[PDB]
Amino acid sequence: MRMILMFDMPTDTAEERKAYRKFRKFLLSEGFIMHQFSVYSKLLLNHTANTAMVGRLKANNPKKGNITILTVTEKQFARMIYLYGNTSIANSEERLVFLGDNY
Amino acid sequence: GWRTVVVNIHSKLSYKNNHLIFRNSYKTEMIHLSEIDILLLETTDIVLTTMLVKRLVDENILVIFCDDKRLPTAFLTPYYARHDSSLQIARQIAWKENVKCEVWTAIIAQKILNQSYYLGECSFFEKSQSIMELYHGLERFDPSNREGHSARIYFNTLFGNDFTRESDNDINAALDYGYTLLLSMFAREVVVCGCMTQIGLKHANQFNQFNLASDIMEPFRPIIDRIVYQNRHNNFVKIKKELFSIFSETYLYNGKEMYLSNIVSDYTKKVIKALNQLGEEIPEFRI
Amino acid sequence: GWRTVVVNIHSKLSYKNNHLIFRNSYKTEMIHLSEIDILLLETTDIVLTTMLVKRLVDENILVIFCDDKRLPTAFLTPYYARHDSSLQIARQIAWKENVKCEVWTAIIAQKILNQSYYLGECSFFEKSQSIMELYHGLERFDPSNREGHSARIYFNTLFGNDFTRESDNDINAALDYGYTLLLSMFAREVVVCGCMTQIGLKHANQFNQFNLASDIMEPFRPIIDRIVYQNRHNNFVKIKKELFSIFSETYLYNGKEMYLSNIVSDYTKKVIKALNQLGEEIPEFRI
Amino acid sequence: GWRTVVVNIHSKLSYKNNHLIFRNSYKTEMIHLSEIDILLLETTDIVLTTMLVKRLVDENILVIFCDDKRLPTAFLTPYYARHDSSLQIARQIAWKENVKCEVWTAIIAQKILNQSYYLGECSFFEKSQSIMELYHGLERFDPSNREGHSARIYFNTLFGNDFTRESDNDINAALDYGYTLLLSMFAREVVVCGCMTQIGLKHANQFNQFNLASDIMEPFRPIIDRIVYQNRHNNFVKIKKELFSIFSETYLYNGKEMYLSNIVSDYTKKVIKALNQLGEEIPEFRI
């Protein structure tokens, strides 16, 4: 089960920033990878590990913290497109793909 | 697969969950294998796993390995693409010289006709329909060598009288590059058909593994000659890029407009079926 | 009859006392029925009467209708006492391949010669000498097909090496506009001759329905490319205004200085009569 | 179009907003062009505009012009109905005498069979048995002239022994009128197909523009013969009106019950497709 996780929280206060750093380090220690800001994902082996991970995430959530958890298949995970104002290549149907000089 | 993935950058490639995994320090990207037709490695700093190579052999994806100069060095050839290969070997050994010389003669006629159509769209006289005249003069066993004369008059008319195929200029380098890529795709198609690639349909004395794929790839050379003629003033890098744009561009088959890979696959299929059925129908490709 | 009545202006037609009454805003003209031979209507604003149509059925005169584009659309077909042109179409169906190849080669030679001569008037000796060499090198069956070897050098000489016919620009649209007007005039002349325009002089391509007129109008094509070369900087509207003055401008025929309509008429008549009589004389037009 | 518009009255016709405009002093009426199939002008006092004629040519609507006697004089024939005509001319020139004589023989067999069906519905056992014997005796090249004998016995049995096809009586006048209308519709269908109407499928020596449309219209003659036989006692005007009621009446095709125009269009389409495909299937029409 592919676990997509979004994380947001007010960062204004210093205690809030410290809590954000602590929660992010906890997410990295648990096996989650950060694709972009507030965007993370982790591959859970089965439903039991997913439930335990949900309980742990609820326990480690900081004050004012908000976490969105969604379950996604590998086919939907490969179809994930990220557009930075340039969009991800995986969503593109282009025939030729260049990792290298685009010339 | 519909997608030609070219890797010019140093990175590590792995195979995970029917997905090609591109891992680098800057970023990581996953591309499904079913969408991938051809895999091209243009540098010597790329790393790969033998498990991903096995998955590529099972997926029947052509893997090309280039040199430090980026020119292609060696490509992977699977031993068994399909079970019909072992049954097709007996038919290839049972082929007749009349069918081989007939199909090869018709293919050479299609190539010369495609040159006359190319320089008829590039619009010349002696070059173009002198080559059409050589096409009407083509005969079995090729005693007059009208194919080599059509090539000499073709390149000499396009690039100038001082030009030659034996020159080391970037024009002939790009010509050999496009002939190497098209020869790799056609050779992979012949591997899909299962027949022996080393056996040619023209000269039984010449022994080369690429002979058959070259005979099948003869009619498509003018497509490379066009972009080579347009980009001849551009640098070899931009010419190689325009040569890579041929995979993205589409061409009009007699039936409908299709991609180059589909035209090569269906053309090779009709050629093999025509060879096994002794010339039922000859596929004709025109620009 | 003899005189061919053509109406290019808004007007009304009536029949009174065996006399055709043509009424236009400027003046009224009455023409005897026995004097008229072929009747053609150029525009869509002409008004006619069914009684005059019946008198024309008794008089056997051919009625030709045209659209706003001036291309002939429909013609009147009587159920009895048919016109001689319908009997003349059978000879067009009987046209030999040798006569068609001779007339086609002569037309291509005239067009290429006009292109080289126009390049000589533009004071390019190398390009005009090359196009003249291709003109002297043209051969039958199109075992040369230099009409493009003169084309590429001619367009590259006129508008520059960067310009081409495939690119989308006001120059190419202007060339297609002039070729559309000349195709309308020559097509109207072929319709006056009665021969079917679907049967072309070129044996290779039957795709176009105007192929006969499109092949006959080739020797007059460079006259459009001259004005398109002079006005090339102007917008497409101004190029259309300049190309619209070709009807008013007078050109030099071999015999005498004449209008373009009479020149195209005599050329078309000589072409048709030469095709039916199997090459008595080939009309030659030089700029 | 589904609608046959007949104008016997003096008036002016214009084209406005894709609408046929009928303007008269008493009243004005507008009829859409898409609903209009055939346009018939039965008088010489009708006025029309060349723009409306061009719109009728683009709409592919048959325009018929009659005389003061109201008999049809001349109909409008468009030069190009569709782009497939120029490609179909080469196929018509490539047709074979075996396919022409075979299709024409089958069509004549369908006509004689329809005459035997008409005499069978008329409860004549000896006449329909004799016509059926001539149908079973029809052969290629028609050496016995069983078609002309079937026509002579048909008209001589229907109208009496003293009757003949060369008579000037209103019976033969109505027969030639219905043959002229059906010949006009079938000729318009042949113009829609694009093939040459002057080339017949029976005798290459006979040269007539209506030959092919007559060969296609041969099986439908008995439909006119029925109404002519029923209304023979009525005046020629009422017989003409009953002949005009044929367009409103429907007939049963082998597939289903359809209108006469649809049966003629689909029948001509199957005939042209059978001629180009060399007798794949022969459409059969029965009363």
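Residues displayed in chain B correspond, in order, to Swiss-Prot positions 3-289.
If you check the header, you will see the structure was determined by electron microscopy, 8.9 Å.
Placement of Cβ uses the backbone N, Cα and C atoms for every residue, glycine included.
Sequence annotations record features per position, and here Swiss-Prot assigns Mn(2+) binding site to B:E149, B:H205, B:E220 based on similarity to another entry.
Shown here: features listed in Swiss-Prot, placed on the structure.
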| residue | record | CB count, 10 Å |
| --- | --- | --- |
| B:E149 | Mn(2+) binding site | 21 |
| B:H205 | Mn(2+) binding site | 15 |
| B:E220 | Mn(2+) binding site | 21 |
8 Å Cβ shell about B:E149, B:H205, B:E220 centroid, Mn(2+) site members excluded: B:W106, B:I110, B:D144, B:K204, B:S216, B:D217
Collapsed DSSP category at B:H205 (Mn(2+) binding site): coil
